[PDB]
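Student: Kindly generate the corresponding structure for this input.
(chains A, B and C, ligands or ions: 3)
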Amino acid sequence: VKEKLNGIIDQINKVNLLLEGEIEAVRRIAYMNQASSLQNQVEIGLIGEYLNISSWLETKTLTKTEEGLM
Amino acid sequence: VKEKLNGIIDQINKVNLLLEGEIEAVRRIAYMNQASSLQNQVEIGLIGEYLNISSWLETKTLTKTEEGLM
Amino acid sequence: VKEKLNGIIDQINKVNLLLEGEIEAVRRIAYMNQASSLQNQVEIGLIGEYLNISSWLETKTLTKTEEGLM
Ligand SMILES: CN(C)c1ccc2nc3ccc(N(C)C)cc3[s+]c2c1
Ligand SMILES: [Cl-]
Ligand SMILES: [Cl-]
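Tutor: Numbers count the residues shown, from 1 in each chain, chains lettered A, B, ... in the order given. Ligands and ions are numbered 1, 2, ... in the order given. Here you go, the structure:
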């Protein structure tokens, strides 16, 4: 009785710990990716300004991207 | 008896809700990152075409990236 | 008795499987995003070198990005 319930509680704790650990690992990556994609957007944006093509590059960019996303 | 099992069921529900909530939050970010990285790839691609260096920029890009990834 | 506990164990397994499946799906995306953002950083970096503006583009990039991130 007591040991079946204690066995069950232990599996609940293992599931909680294992999955929370995987999630935290995936979170760390996703936060890193968010920062990299912001950095890349900034840098691309600067190059666009340097070349003085910002406005047309942007419209072409937004429509092709929306097309790629469907 | 009934209350030990009910206590257990309640912890299973809390684990389910909490983790599902974290996952959904991480999912939202990852989908945002996917859209940003597509947009950035498009824009970089357009700049490459504007500068008329697309083919050589691409080969240099793919090999350095594969190297960075090992 | 036996069937309440067996019912409980079954829900623990469903929670484990379902959430692990969502996590693995989100992981796959995050690993894809990491590779795309590296590729984009490389390509942006190459364009910068081609234009011979690498150093100034970088400083402008890092500070605007840090500003965007607060
Ligand atoms: C080799 N170096 C230093 C550079 C520097 C700036 C440049 N800007 C451009 C702007 C437009 C363009 N078109 C063909 C539209 C071609 C180029 S090529 C180019 C090469
Ligand atoms: Cl991500
Ligand atoms: Cl990116």
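
Student: near ligand 2, which residues of chain A?
Tutor: A:30, A:33 (Cβ under 5 Å from the ion). All C-beta atoms are positioned from the backbone trio N, CA, C, and that covers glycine.

Student: Just give me the neighbour total for residue A:42.
Tutor: Using other Cβ atoms under 10 Å in any protein chain shown, residue A:42 is surrounded by 21 other residues.

Student: so who does it touch?
Tutor: Going by Cβ atoms under 8 Å, 6 or more residues apart in numbering or on different chains, residue A:42 touches C:61, C:64-65, C:68.

Student: Among the residues you listed, which one has the most neighbours?
Tutor: residue C:61 (21 neighbours).

Student: from memory that residue sits against residue A:44, does it?
Tutor: No: if you go by Cβ atoms under 8 Å, residue C:61 and residue A:44 don't touch, sitting 9.4 Å apart.

Student: coming back round to it: check the contacts of residue A:42 against chain A, which are close?
Tutor: C:61, C:64-65, C:68 (Cβ under 8 Å from any Cβ of the partner chain).

Student: among the residues you listed, which two are most distant?
Tutor: Spatially, the most separated pair among the ones next to chain A among the contacts of residue A:42 is C:61 and C:68, at 10.5 Å (Cβ to Cβ).

Student: Dead centre of chain A: give me the residue that sits there.
Tutor: Centroid-nearest residue in chain A: residue A:30, 3.2 Å away (criterion: Cα atoms, centre = their mean).

Student: element containing that residue?
Tutor: helix A:2-50 (DSSP states H and E).

Student: And the helix or strand that comes right after that helix, what's buried?
Tutor: Going down the chain from helix A:2-50, the next helix or strand is helix A:54-68, by DSSP H and E. Across helix A:54-68, burial judged by 16 or more other Cβ atoms under 10 Å in any protein chain shown covers A:57, A:60-61, A:64-65.

Student: Distance to chain C for those - can I get that in CSV?
Tutor: Below are the buried residues of helix A:54-68 laid out as CSV (distance: Cβ to the nearest Cβ, whole Å):
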residue, distance to chain C
A:57, 12
A:60, 16
A:61, 13
A:64, 15
A:65, 13
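
Student: Perfect, I'm done here.
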